[PDB]
$ cat upload-v4.tsv   # TSV, N, CA, C and O atoms
chain	number	residue	atom	x	y	z
A	1	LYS	N	-13.74	7.69	-15.87
A	1	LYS	CA	-12.53	8.61	-15.86
A	1	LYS	C	-11.32	8.13	-14.94
A	1	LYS	O	-11.39	7.00	-14.47
A	2	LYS	N	-10.25	8.97	-14.71
A	2	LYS	CA	-9.08	8.63	-13.90
A	2	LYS	C	-8.97	9.34	-12.53
A	2	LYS	O	-7.98	9.20	-11.84
A	3	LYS	N	-10.03	9.98	-12.13
A	3	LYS	CA	-10.18	10.45	-10.82
A	3	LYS	C	-11.55	10.01	-10.32
A	3	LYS	O	-12.41	9.59	-11.11
A	4	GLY	N	-11.75	9.93	-8.96
A	4	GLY	CA	-13.00	9.36	-8.41
A	4	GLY	C	-13.01	7.82	-8.38
A	4	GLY	O	-13.90	7.16	-7.89
A	5	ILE	N	-11.90	7.18	-8.88
A	5	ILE	CA	-11.82	5.72	-9.07
A	5	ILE	C	-10.92	5.05	-7.98
A	5	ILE	O	-10.77	3.83	-7.91
A	6	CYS	N	-10.22	5.76	-7.06
A	6	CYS	CA	-9.30	5.21	-6.11
A	6	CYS	C	-9.88	4.38	-5.01
A	6	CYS	O	-9.33	3.43	-4.53
A	7	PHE	N	-11.10	4.73	-4.52
A	7	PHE	CA	-11.80	3.88	-3.54
A	7	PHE	C	-12.26	2.57	-4.20
A	7	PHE	O	-12.27	1.46	-3.65
A	8	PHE	N	-12.76	2.67	-5.45
A	8	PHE	CA	-13.22	1.49	-6.13
A	8	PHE	C	-12.02	0.54	-6.51
A	8	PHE	O	-12.20	-0.62	-6.20
A	9	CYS	N	-10.89	1.06	-7.00
A	9	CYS	CA	-9.72	0.28	-7.29
A	9	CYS	C	-9.13	-0.36	-6.05
A	9	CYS	O	-8.84	-1.56	-6.00
A	10	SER	N	-9.06	0.41	-4.97
A	10	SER	CA	-8.69	-0.04	-3.62
A	10	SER	C	-9.55	-1.13	-3.04
A	10	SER	O	-9.06	-2.20	-2.62
A	11	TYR	N	-10.89	-0.97	-3.17
A	11	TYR	CA	-11.83	-2.10	-2.86
A	11	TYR	C	-11.62	-3.33	-3.65
A	11	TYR	O	-11.74	-4.46	-3.15
A	12	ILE	N	-11.27	-3.24	-4.88
A	12	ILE	CA	-10.94	-4.49	-5.59
A	12	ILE	C	-9.60	-5.17	-5.16
A	12	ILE	O	-9.53	-6.44	-5.17
A	13	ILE	N	-8.54	-4.48	-4.73
A	13	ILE	CA	-7.34	-5.09	-4.15
A	13	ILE	C	-7.68	-5.76	-2.80
A	13	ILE	O	-7.25	-6.86	-2.56
A	14	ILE	N	-8.45	-5.09	-1.86
A	14	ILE	CA	-8.88	-5.44	-0.55
A	14	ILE	C	-9.75	-6.75	-0.62
A	14	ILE	O	-9.52	-7.74	0.06
A	15	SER	N	-10.75	-6.74	-1.54
A	15	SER	CA	-11.65	-7.84	-1.81
A	15	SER	C	-10.99	-9.11	-2.34
A	15	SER	O	-11.23	-10.21	-1.95
A	16	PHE	N	-9.90	-8.91	-3.21
A	16	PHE	CA	-8.99	-9.97	-3.59
A	16	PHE	C	-8.17	-10.55	-2.48
A	16	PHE	O	-8.07	-11.75	-2.37
A	17	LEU	N	-7.64	-9.67	-1.66
A	17	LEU	CA	-6.77	-9.80	-0.51
A	17	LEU	C	-7.43	-10.56	0.67
A	17	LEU	O	-6.81	-11.51	1.15
A	18	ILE	N	-8.64	-10.31	1.14
A	18	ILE	CA	-9.26	-11.13	2.18
A	18	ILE	C	-9.35	-12.62	1.86
A	18	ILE	O	-9.11	-13.41	2.76
A	19	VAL	N	-9.69	-13.02	0.61
A	19	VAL	CA	-9.75	-14.44	0.22
A	19	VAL	C	-8.34	-15.02	0.19
A	19	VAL	O	-7.96	-16.07	0.78
A	20	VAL	N	-7.37	-14.29	-0.40
A	20	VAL	CA	-6.00	-14.68	-0.56
A	20	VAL	C	-5.32	-14.89	0.79
A	20	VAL	O	-4.49	-15.83	0.92
A	21	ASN	N	-5.58	-14.04	1.74
A	21	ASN	CA	-4.98	-14.14	3.08
A	21	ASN	C	-5.56	-15.26	3.83
A	21	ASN	O	-4.94	-15.97	4.58
A	22	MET	N	-6.89	-15.50	3.73
A	22	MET	CA	-7.57	-16.60	4.41
A	22	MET	C	-7.28	-17.97	3.88
A	22	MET	O	-6.98	-18.88	4.70
A	23	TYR	N	-7.16	-18.12	2.52
A	23	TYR	CA	-6.77	-19.28	1.75
A	23	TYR	C	-5.34	-19.68	2.13
A	23	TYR	O	-5.06	-20.79	2.49
A	24	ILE	N	-4.38	-18.75	2.15
A	24	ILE	CA	-3.03	-19.11	2.59
A	24	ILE	C	-2.85	-19.63	3.99
A	24	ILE	O	-1.99	-20.45	4.17
A	25	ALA	N	-3.80	-19.34	4.85
A	25	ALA	CA	-3.82	-19.86	6.16
A	25	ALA	C	-4.44	-21.25	6.15
A	25	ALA	O	-3.85	-22.10	6.83
A	26	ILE	N	-5.51	-21.52	5.38
A	26	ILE	CA	-6.24	-22.83	5.41
A	26	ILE	C	-5.40	-23.85	4.56
A	26	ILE	O	-5.36	-25.05	4.91
A	27	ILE	N	-4.78	-23.48	3.45
A	27	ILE	CA	-4.18	-24.44	2.54
A	27	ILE	C	-2.73	-24.74	2.97
A	27	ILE	O	-2.14	-25.75	2.66
A	28	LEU	N	-2.12	-23.90	3.82
A	28	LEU	CA	-0.91	-24.18	4.61
A	28	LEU	C	-1.25	-25.16	5.66
A	28	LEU	O	-0.44	-26.08	5.86
A	29	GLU	N	-2.44	-25.07	6.40
A	29	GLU	CA	-2.92	-25.95	7.43
A	29	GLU	C	-3.20	-27.32	6.85
A	29	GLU	O	-2.72	-28.32	7.34
A	30	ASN	N	-3.93	-27.43	5.72
A	30	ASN	CA	-4.13	-28.67	5.10
A	30	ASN	C	-2.84	-29.37	4.59
A	30	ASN	O	-2.72	-30.59	4.71
A	31	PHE	N	-1.89	-28.61	4.08
A	31	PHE	CA	-0.59	-29.20	3.68
A	31	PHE	C	0.13	-29.74	4.91
A	31	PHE	O	0.48	-30.94	4.99
A	32	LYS	N	0.22	-28.92	5.89
A	32	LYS	CA	0.81	-29.31	7.21
A	32	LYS	C	0.17	-30.53	7.94
A	32	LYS	O	0.79	-31.39	8.55
A	33	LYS	N	-1.18	-30.57	7.84
A	33	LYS	CA	-1.99	-31.61	8.46
A	33	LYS	C	-1.71	-33.03	7.77
A	33	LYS	O	-1.52	-34.14	8.35
A	34	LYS	N	-1.67	-32.98	6.48
A	34	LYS	CA	-1.39	-34.13	5.59
A	34	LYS	C	-0.01	-34.72	5.91
A	34	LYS	O	0.09	-35.91	6.08

$ encode --input "upload-v4.tsv" --output "structure tokens"
Amino acid sequence: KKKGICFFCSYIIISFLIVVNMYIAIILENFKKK
């Protein structure tokens, strides 16, 4: 349904977001290092 789904939708943005934030820090470092 369309209610009861906001924590689960929010967890999927958050779960996407931790990898994305960490990757932008490591792959900026590798570009910079090179």

$ select_by_dssp --input "upload-v4.tsv" --residues "chain A" --states "alpha helix (DSSP H)" --output "list in words"
residues 6, 7, 8, 9, 10, 11, 12, 13, 14, 15, 16, 17, 18, 19, 20, 21, 22, 23, 24, 25, 26, 27, 28, 29, 30, 31, 32 and 33 of chain A

$ atom_distance --input "upload-v4.tsv" --atom1 "atom CA of residue 15 of chain A" --atom2 "atom O of residue 27 of chain A"
20.8 Å

$ atom_distance --input "upload-v4.tsv" --atom1 "atom CA of residue 25 of chain A" --atom2 "atom CA of residue 13 of chain A"
18.4 Å

$ atom_distance --input "upload-v4.tsv" --atom1 "atom O of residue 5 of chain A" --atom2 "atom O of residue 24 of chain A"
28.5 Å

$ axis_aligned_box --input "upload-v4.tsv" --around "segment 19-34 of chain A" --padding-each-side "4 Å" --output "AutoDock Vina command-line options"
--center_x -4.5 --center_y -24.5 --center_z 4.0 --size_x 18.6 --size_y 30.9 --size_z 17.1

$ decode --input "upload-v4.tsv" --residues "chain A" --atoms "C-alpha atoms" --output "short mmCIF file (atom, residue, chain, number, x, y, z; two decimals), in the first residue's frame"
data_model
loop_
_atom_site.label_atom_id
_atom_site.label_comp_id
_atom_site.auth_asym_id
_atom_site.auth_seq_id
_atom_site.Cartn_x
_atom_site.Cartn_y
_atom_site.Cartn_z
CA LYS A 1 0.00 0.00 0.00
CA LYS A 2 0.92 3.86 0.17
CA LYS A 3 1.05 4.25 3.89
CA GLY A 4 3.35 2.29 6.30
CA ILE A 5 6.04 2.49 3.52
CA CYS A 6 7.96 5.74 4.56
CA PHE A 7 10.54 4.09 6.85
CA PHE A 8 11.23 1.46 4.21
CA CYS A 9 11.51 4.05 1.34
CA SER A 10 13.71 6.22 3.61
CA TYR A 11 15.96 3.22 4.39
CA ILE A 12 16.50 2.65 0.74
CA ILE A 13 17.65 6.36 0.14
CA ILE A 14 19.91 6.13 3.34
CA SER A 15 21.36 2.70 2.25
CA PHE A 16 22.13 4.15 -1.22
CA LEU A 17 23.55 7.29 0.37
CA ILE A 18 26.19 5.70 2.75
CA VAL A 19 27.97 3.96 -0.24
CA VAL A 20 27.63 7.10 -2.42
CA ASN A 21 29.07 9.40 0.27
CA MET A 22 31.95 7.03 1.06
CA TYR A 23 32.78 6.35 -2.65
CA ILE A 24 32.95 10.12 -3.37
CA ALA A 25 35.51 10.49 -0.68
CA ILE A 26 37.71 7.47 -1.81
CA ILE A 27 37.47 8.07 -5.63
CA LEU A 28 38.24 11.85 -5.18
CA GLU A 29 41.30 10.66 -3.11
CA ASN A 30 42.40 8.24 -5.80
CA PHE A 31 41.98 10.91 -8.54
CA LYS A 32 43.91 13.40 -6.42
CA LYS A 33 46.61 10.84 -5.51
CA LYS A 34 47.20 9.94 -9.22
#
